[PDB]
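Student: This one's experimental. Sequence and coordinates below.
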Amino acid sequence: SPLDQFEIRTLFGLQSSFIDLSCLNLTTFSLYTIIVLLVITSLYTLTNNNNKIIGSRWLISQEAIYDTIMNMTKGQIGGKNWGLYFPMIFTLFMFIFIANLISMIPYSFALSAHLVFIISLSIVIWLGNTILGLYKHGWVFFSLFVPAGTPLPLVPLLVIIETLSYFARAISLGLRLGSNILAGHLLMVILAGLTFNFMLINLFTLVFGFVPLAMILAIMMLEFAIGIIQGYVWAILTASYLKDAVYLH
Amino acid sequence: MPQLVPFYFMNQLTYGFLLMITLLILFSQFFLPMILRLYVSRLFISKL
Amino acid sequence: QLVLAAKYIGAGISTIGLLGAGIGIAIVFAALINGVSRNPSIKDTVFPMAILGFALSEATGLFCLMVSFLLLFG
Amino acid sequence: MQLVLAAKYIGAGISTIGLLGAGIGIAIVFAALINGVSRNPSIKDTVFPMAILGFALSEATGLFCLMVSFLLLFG
Amino acid sequence: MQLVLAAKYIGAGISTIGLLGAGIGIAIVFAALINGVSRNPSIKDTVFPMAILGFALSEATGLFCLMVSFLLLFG
Amino acid sequence: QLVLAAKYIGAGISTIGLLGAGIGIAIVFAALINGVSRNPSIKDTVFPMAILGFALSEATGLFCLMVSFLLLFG
Amino acid sequence: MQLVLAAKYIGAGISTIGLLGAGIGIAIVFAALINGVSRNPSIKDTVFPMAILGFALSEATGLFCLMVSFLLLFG
Amino acid sequence: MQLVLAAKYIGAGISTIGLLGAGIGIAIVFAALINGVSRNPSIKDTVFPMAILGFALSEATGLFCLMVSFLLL
Amino acid sequence: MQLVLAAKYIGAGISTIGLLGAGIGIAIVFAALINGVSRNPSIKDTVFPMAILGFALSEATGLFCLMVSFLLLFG
Amino acid sequence: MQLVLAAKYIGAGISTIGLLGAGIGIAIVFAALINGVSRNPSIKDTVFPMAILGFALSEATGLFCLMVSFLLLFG
Amino acid sequence: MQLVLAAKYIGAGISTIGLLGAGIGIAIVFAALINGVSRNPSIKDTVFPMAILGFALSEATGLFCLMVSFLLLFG
Amino acid sequence: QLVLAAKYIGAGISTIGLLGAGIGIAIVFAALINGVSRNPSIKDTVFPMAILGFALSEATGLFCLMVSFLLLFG
Amino acid sequence: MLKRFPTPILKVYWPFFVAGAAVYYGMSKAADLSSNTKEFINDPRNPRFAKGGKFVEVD
Amino acid sequence: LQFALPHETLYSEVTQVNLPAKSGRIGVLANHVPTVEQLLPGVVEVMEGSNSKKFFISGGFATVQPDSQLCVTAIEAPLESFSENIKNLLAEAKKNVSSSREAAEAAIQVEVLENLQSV
Amino acid sequence: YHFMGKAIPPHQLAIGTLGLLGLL
């Protein structure tokens, strides 16, 4: 069982017999959400030395993240009011960016590799695009489903397999991230499990047994890239989707 | 897969959405404008 | 229950059609990159055509995934 | 009829292999569309309905393939 | 018998794999059509029937793929 | 009665080779369209060899079709 | 009971072929990125978000196939 | 022999996959032929024997798969 | 349990095929790298990290298909 | 014995799939030959033995599959 | 047990299909090297180390396939 | 015996990878032809790289060939 | 420390919150439907056992 | 008709022209694609059935026309019946100047010179 | 902005196809 690293264990506990209060209780998932919140709080509270203008070396990091997500959501929705949807496009980044660096620490735990939470967050953003689009643009919201000047005898086909791609968008956006984080962690644990039993046979294998160690180091080098790039790709697709929902093509 | 289908669905989703609303209110009202105060201050000293 | 085991083979074989979808999205964005790099003032003109072609190609890769879900869950 | 009912699902799985050709085909059509509009910006209104024409005409093969898949799965 | 009635459905599931040939072929034809029209606009009236001619028998090869599936699916 | 089953299976298998002809007709007419659109005056010179290769590449997939028809009854 | 787990593992093996449709995908995207940067050195900061977008938004279709493989293996 | 006669027909079905190589390759040959003749018309009677040679050899490679499939019948 | 362990070996055999995606993939990236250096030898220190990045991101899709084989051999 | 001969015939059928590599490859060689003569007319006597060499080597790499199938049929 | 062992031989047979990726890929790298020297000959000494690097990294994904093949032979 | 029959099946399977060499050797020789035709003066420099590429792709095919022979005999 | 600025976060983001409540409710019913399956009816940490009922255990 | 130096204009019907283009050598023919290319500092040649006559050149432009006429323009230009020690002694002074805006011009000489050596 | 049978130009046409496939 190489997948035991994702087990959810209850720690602080709470129960009753009147009402099902077992929904909220401090758990491994919940404790790592508390840790994510305290890290994100720590990146801005004690980072700023006594509210100085000059912005010490720690604040350049949270300066660059801010600027690379402003200049990304200005180039996507880019209309009359792009900044009204900027806090959500930033707080969808920082959760995924911090929750995929915390998960790299060896005896730790991936928030992002729970499909039930990430798929739920994706369905929340998809319904919050459809409701916002219907509210802002009435019955002509469905004009999104015809591409451009197209010949009329093939328009209903191009409507059906446009709407099918419109509600595949509900689960695709989440399952991309879930699949990347889950496959990366499962790859690292399985190769560690193979190189461990590689190094317990006869003593000639601990000699020149440095090359599988170097391969695992190279995969860990790759895994930060595949963890930060997904945190960026989430925040670019849910900027493009707000471009479609707010502005009709 | 066995590990991502327990009874803990409402646990996961409850603390997750509490953290999302928390970070949303928290970022938007606190931490983004404390960077933007730095921006407007730097530009105000620059324009003088 | 031979059928309960043979639906899993069908759900495995019916997932091969995404091979075309990945290569397809690649060829679309490859042509988009070449078109922007040759003509720098065409991005805002031709980019919705790229997003359209991606949406169509994924949906026509997605047919295989929904057939796999019908075989695995229905 | 367990053997035939299993062969229904096996044939429905093997049916959609050829459906990847439509996924490549829509892409090649729109790839030449972007590549052609990139040279001439003023040829859009002629070429783009021709592009959606080629889109649907290449789409018909994958739709027939998915149709044979649904015929094997539902009868 | 069930042993050949299974094989009918499995062979029909096999025979739709050749449809990817037509699904990519219509794309290459209309891709070169789009490249030619975007390269030279005024040659369209001569070029377009050749593309329709290529599409016709490429889609006919797709129907040649599909007709063996129809033949083996119903006897 | 199992030769009647595997016979129809292999006759189904023999249709896969038609994709070569289905792509080949397209490469031939693609070169035709490229040559006509690049050089308009060479149409009558270029055309008959293109029709020749078109018919021959059709015959290549028709080999797959005739092996299929030979398997179906015989 | 052995047949269910046996065909389960066979189908999970079959459902990883679709990653060759993602390796070539990431290849063609970064290949066009290289050829686009090399022939125009001032387009990198405009073409790089489209590169990352096309990269992950093309892998996703291989990761769907890997999730079908995981639901077979462990579910 | 029932299973053996079944396997003969299965293998004869398998053996026809290799014809797609010739079915694509004749097109690549004649495509470069058409592109070269349309690029320069005067070199046509020089180039066209190489095209006939390429068609002959590619059709021979298809004929190998065809005769293997015939040996199973 | 002989049948399921025989199916494990076949599944590990099938999950080897997806490496051809990476095998063509790394090559298409480095082929574009060579054809980009030959058009412009001044853009080397700009282009070559993107080639290494595409190498890594396609090798990840190769290893995602290798790990399923390592599960089906032992785990 | 009967099951063994059946499998020899199945493998002899499988083994000739690799001939399509030679069938496509001889064509890429002769197609580049045609494009080279049409690009440069004077280089025909220089280039042509390389094309003959490429035909011979690629035909041998195809013929490896044919002789393996010959070994499966007879040896 | 013969039923497990025979399937292990079959999986070892199946596994080696993925090496065609490396076989095409190494050659794509060297072909781009050839087409790159022919445009600019003064860059051969710079480019050729990355060509042999691409040879090594594309041989890597073929030898992983070959590794799984031998692990389904002698283990 | 089933194992000897599975040996011949797997030996039949493992020769599919030879098409990789059969296509790739041709891509190398095609770039060789298109390089000599574009620049005839670089032929003696370029030709050993083509020989080397032929040898390495031949080795990649010969790995599949020797796995086929090991499934045959050893 | 930090000066709170009253940014509009309710007259902008209401459909996100409505969707959040809807997905919350739908996942509640999905969890209740999944917690009574054959595989998970004898896992002792489900909240059935903390209130009343015990051990259907007929499968 | 169409192949001109500013001081001396040269050619008039042609069966094959070889040119040293911007990206590698090329060969125009009886019917060819309409193209413009910078002409690099290198050898050229005319044809009239089976007639070999090669010139050197400074560089300039080639332009294949839709009407099919090829126009080739360069500055200075018979083959070895034109340009050894004349080259050698100059090559010396060339390389010397490079080690010196002024020495940048000598860079241009090394490539132009090195090329001519091959003839 | 289509024109079906020289009638009033229809709005976007998208709702009617969804309504047709809804009642099935």
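Tutor: Alright, I've got the coordinates. Numbering: from 1, shown residues only, chains lettered A, B, ... in the order given.
Student: count of neighbours near residue C:7?
Tutor: Residue C:7: 25 surrounding residues under other C-beta atoms under 10 Å in any protein chain shown. (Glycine included, C-beta is placed from N, CA and C.)
Student: What distance do you get for the closest residue to it other than its chain neighbours to residue C:14?
Tutor: Excluding its sequence neighbours, the residue lying closest to residue C:7 (C-beta to C-beta, 6 or more residues apart in numbering or on different chains) is residue D:9, at 4.6 Å. Applying C-beta to C-beta, to the nearest Å, the value for residue D:9 to residue C:14 is 9 Å.
Student: likewise residue M:16?
Tutor: Look at residue M:16 and residue C:14: by C-beta to C-beta, they are 35 Å apart.
Student: Of those two, give the one with the bigger neighbour count.
Tutor: With neighbours defined as other C-beta under 10 Å, residue M:16 and residue C:14 compare such that residue C:14 has more, 33 against 20.
Student: Can you list phi and psi of the more buried one for me?
Tutor: With angles defined as degrees, to the nearest 10, residue C:14 sits at phi -70, psi 0.
Student: Check the secondary structure at the closest residue to chain J within chain N for me.
Tutor: The nearest approach of chain N to chain J comes at residue N:27, 4.7 Å away (C-beta to the nearest C-beta). Following DSSP: H, G, I helix; E, B strand; the rest coil, we place residue N:27 in the strand state.
Student: Ok, the one 10 residues further on next?
Tutor: Of the three states, residue N:37 takes strand under three-state DSSP.
Student: my read: it touches residue N:24, true?
Tutor: No - counting by C-beta atoms under 8 Å, residue N:37 stays clear of residue N:24, with 10.0 Å between them.
Student: about what we covered before: overlap in contacts, residue D:9 and residue C:14.
Tutor: Common contacts of residue D:9 and residue C:14, defined by C-beta atoms under 8 Å, 6 or more residues apart in numbering or on different chains, comprise residue C:71.
Student: So which bits of chain M are right by chain H?
Tutor: Within chain M, no position is near chain H by C-beta under 8 Å from any C-beta of the partner chain.
Student: of all the residues in chain M, which ones are close to chain N?
Tutor: Counting by C-beta under 8 Å from any C-beta, no residue of chain M is near chain N.
Student: which residue sits closest to residue N:21 in space, ignoring its chain neighbours?
Tutor: residue N:37 (4.3 Å).
Student: From residue N:58, how far off is that neighbour?
Tutor: Residue N:37 is 15 Å from residue N:58, by C-beta to C-beta.
Student: can you list the residues of chain N near chain L?
Tutor: N:24, N:25, N:26, N:118.
Student: can the strand or helix carrying residue A:36 be found next to chain B?
Tutor: Assigned by DSSP states H and E, residue A:36 belongs to helix A:28-42. Yes - under the criterion of C-beta under 8 Å from any C-beta, helix A:28-42 makes contact with chain B via A:29, A:30, A:33, A:36, A:37, A:40, A:41.
Student: ok, for the second one, nearest residue in space, not its chain neighbours?
Tutor: When the adjacent residues along the chain are set aside, residue A:30 lies closest to residue B:15, with 4.5 Å between them (C-beta to C-beta, 6+ apart).
Student: Counting by contacts, list what the helix or strand hosting that neighbour packs against.
Tutor: Per DSSP H and E, residue B:15 falls inside helix B:9-26. Secondary-structure packing of helix B:9-26 (3 or more C-beta pairs under 8 Å, 6 or more residues apart in numbering or on different chains; DSSP states H and E): helix A:28-42, helix A:86-98, helix A:115-137, helix M:14-34.
Student: change it to 6 Å
Tutor: For helix B:9-26, the elements it packs on are helix A:28-42, helix A:115-137, helix M:14-34, judged by 3 or more C-beta pairs under 6 Å, 6 or more residues apart in numbering or on different chains; DSSP states H and E.
Student: so of the ones you listed, which one's packed in deepest?
Tutor: The highest average neighbour count among those, using mean count of other C-beta atoms under 10 Å in any protein chain shown, belongs to helix A:115-137 at a mean of 21.
Student: hmm, who's touching it?
Tutor: Applying C-beta atoms under 6 Å, 6 or more residues apart in numbering or on different chains, the contact partners of helix A:115-137 are A:141, A:169-171, A:173-174, A:177-178, A:238, A:241, A:245, B:4, B:9, B:12-13, B:16, M:15-16, M:19-20, M:23.
Student: ok, 7 Å please
Tutor: Residues outside helix A:115-137 that contact it (C-beta atoms under 7 Å, 6 or more residues apart in numbering or on different chains): A:112, A:141, A:169-171, A:173-175, A:177-178, A:238, A:241-242, A:245-246, A:248, B:4, B:9, B:12-13, B:16, M:15-16, M:18-20, M:22-23, M:27.
Student: next one: stretch C:26-38
Tutor: Stretch C:26-38 has contacts (C-beta under 7 Å, 6+ apart) with C:42-43, C:46, C:50, C:53-54, C:57, D:27-28, D:30-31, D:34-35, D:38, G:24-25, G:28-29, G:32-33, G:35-36, G:39-40, G:43, G:46-47, G:50-51, G:54, G:58.
Student: tell me how far stretch A:88-99 is from the chain's mean position?
Tutor: How far stretch A:88-99 lies from its chain's middle: 7 Å, per C-alpha atoms, centre = their mean, to the nearest Å.
Student: Any part of that stretch near chain B?
Tutor: Yes - counting by C-beta under 7 Å from any C-beta of the partner chain, chain B has neighbours in stretch A:88-99: A:88, A:90, A:91, A:95.
Student: Surely residue A:76 touches residue A:243?
Tutor: Yes - counting by C-beta atoms under 7 Å, residue A:243 is a contact partner of residue A:76 at 5.4 Å.
Student: Over in chain N, which residue gets nearest chain C? Let me know.
Tutor: Going by C-beta to the nearest C-beta, chain C is nearest to residue N:23 of chain N, at 16.2 Å.
Student: Please report how far that residue lies from residue N:29.
Tutor: Relative to residue N:29, residue N:23 is positioned 18 Å away (C-beta to C-beta).
Student: same deal with residue B:11?
Tutor: Distance from residue B:11 to residue N:29, by C-beta to C-beta: 76 Å.
Student: cool, residue M:6 as well?
Tutor: 77 Å.
Student: And residue A:236, by the same measure?
Tutor: The gap separating residue A:236 from residue N:29 is 50 Å, by C-beta to C-beta.
Student: Residue B:6 now?
Tutor: From residue B:6 to residue N:29 the distance is 74 Å (C-beta to C-beta).
Student: next one: residue C:19
Tutor: For residue C:19, the distance to residue N:29 equals 43 Å [C-beta to C-beta].
Student: Neighbour count for the two, which is higher?
Tutor: Ranked by neighbour count (other C-beta under 10 Å), residue C:19 and residue N:29 place residue C:19 first, with 28 against 22.
Student: Look up phi and psi at residue 2.
Tutor: I went with chain A, as the question did not name one. Backbone geometry at residue A:2, expressed as degrees, to the nearest 10, gives phi -80, psi 0.
Student: Wait, chain O was what I had in mind.
Tutor: The phi and psi values for residue O:2, taken as degrees, to the nearest 10, are phi -80, psi 170.
Student: Quick one: distance of stretch B:40-48 to the chain centre.
Tutor: Distance of stretch B:40-48 from the chain centroid (C-alpha atoms, centre = their mean) equals 27 Å.
Student: what's in contact with that stretch?
Tutor: With C-beta under 7 Å, 6+ apart, stretch B:40-48 has contacts from residue A:53.
Student: Just the CA coordinates for it, please, in CSV.
Tutor: What follows is stretch B:40-48, C-alpha atoms only, in CSV (Å, rounded to 0.1, in the frame of the first residue of the first chain):
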residue,chain,number,x,y,z
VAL,B,40,0.4,54.6,-3.4
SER,B,41,3.0,55.8,-0.8
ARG,B,42,6.0,55.1,-3.1
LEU,B,43,4.3,56.9,-6.0
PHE,B,44,3.3,59.8,-3.8
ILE,B,45,6.8,60.3,-2.6
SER,B,46,7.9,59.9,-6.2
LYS,B,47,5.5,62.6,-7.5
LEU,B,48,6.1,64.8,-4.4
